[PDB]
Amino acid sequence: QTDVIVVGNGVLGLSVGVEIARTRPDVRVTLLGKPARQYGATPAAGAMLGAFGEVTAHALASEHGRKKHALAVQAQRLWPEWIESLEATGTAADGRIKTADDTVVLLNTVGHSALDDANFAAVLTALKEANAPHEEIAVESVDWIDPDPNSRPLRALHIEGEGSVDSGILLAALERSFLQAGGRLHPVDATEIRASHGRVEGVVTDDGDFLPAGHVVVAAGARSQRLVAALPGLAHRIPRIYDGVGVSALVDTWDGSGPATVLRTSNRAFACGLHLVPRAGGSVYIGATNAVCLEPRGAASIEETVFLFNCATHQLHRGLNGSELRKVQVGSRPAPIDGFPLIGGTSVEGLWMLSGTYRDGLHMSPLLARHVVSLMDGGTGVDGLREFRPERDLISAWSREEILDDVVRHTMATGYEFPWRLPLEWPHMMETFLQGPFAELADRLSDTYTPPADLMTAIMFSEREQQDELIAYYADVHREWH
């Protein structure tokens, strides 16, 4: 066929669906996925259009991290016209995609100096280097916030033109825009990709049906690699994607108020972070925890809920303490095993992947969609995304030594972010006794590959059988590529 099947109904599937439908009016594009959006990252997102706010010293210390940052800055420029084009297919009563134009980054001491102080400096540096509009402002001038004095910020940074969207209104606008462009929504899941003679034939659905296609775009979030890995040789040629389980909440504020801007800290222990995204109608979004899990999980832990609420009520606004909990949200950030996204073509003709975007696939969605659509039309898409081709040896963006320093520092940061109260000698003792066991795990996993810190901590506290399976995986990948 010249038929296109998009597998997945998150921001990436729907965004690529809209761009394919709009630019290929002569082709049938069908998008698979259910309204439940099981383990769905996009519906649990605030979401911040995070570029400069997402800067960490650790990310900007690697070439791959600097490349990722450049793409985030490029994506930000597409959002105004993208939103215009999505709202155009609706009416006033569909509501507004954009919920804030600006972001304030707060620096408080409820965290590790080695992360929060380094990350605040790295954000300031990245803004100056980009000539991006921003101002360090007096904390007293930040409107709305009412923190616990012992948890209060002492520095604040206003980032102009870095805002937020309502992820629910965005998903609704994308579905409507997809239909307007001639797309068809088929609310079932793909169970199997069918291929022979090095080319896609189509997709078996979970209602037993077979849908034929010349093109299949896998944008199934954390399920994307598990779906393609069934095809011959692809188990050790497409980097694994795990579930970065994240917890967020919708809160009806005590007085119906909200901040005019996004409020956030820099990224914290293991890509956790504290932020408040404005919503319409006396609701605010607060987020968001992160924990890499080797198996999917669709419910918040008690610990995640308490940590998120404690951070927001102390560090942002004590008024949230008396505010009503409307919804606890859980979704899976697609967490690539080598720390970088899986975007583009495959050794199978007509098979494409758009996944592994972790914290910022929603922000990058208009750029990533346009890239894959350019590739499908025989173009070269966006310069700088070829490094992130899905069929690849695992990337080694950092030394084993760098990752081992990072994992101990992030482990300690879970304490300082609580925040704990310990005898003053205990942290130094814990630091010294964490180094050995993480060095031992890293050496045991593989002679060539080291999992990034966020994955290494999950592997450290997984079962021995799960660690053994990963040792086998890394060995089979080394065999395939070397």
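C-alpha atoms forming the largest set that superposes within 1.5 Å between two forms make up the rigid core. Residue positions are given as counts along the sequence shown, with the first one as 1.
Between 126-134 and 302-310, greater CA displacement relative to the shown form is found for 126-134 when the structures in 4 other deposited structures of this protein are fitted on the core. Legend: mean Cα B-factor per stretch from the PDB entry, 467-475 versus 21-29; the higher mean is in 21-29. Of the two segments, 297-305 and 174-182, the one listed with the higher mean B-factor is 174-182 (C-alpha atoms only). Out of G256, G384, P80, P366, it is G384 whose C-alpha atom has the highest B-factor in the PDB entry. Which of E162, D94, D166, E324 has the largest Cα B-factor in the deposited entry comes down to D94.
Residue-level temperature factors show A44 in the lowest third of its chain, judged at the C-alpha atom. Among all modelled residues in this chain, the alpha-carbon of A114 has a temperature factor (C-alpha) in the middle third. Ranked against the other modelled residues of its chain, the C-alpha B-factor of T191 as given in the entry falls in the highest third.
Sort the modelled residues of the chain by CA B factor and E417 lands in the lowest third.
The PDB entry assigns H64 a C-alpha temperature factor belonging to the highest third of its chain's modelled residues.
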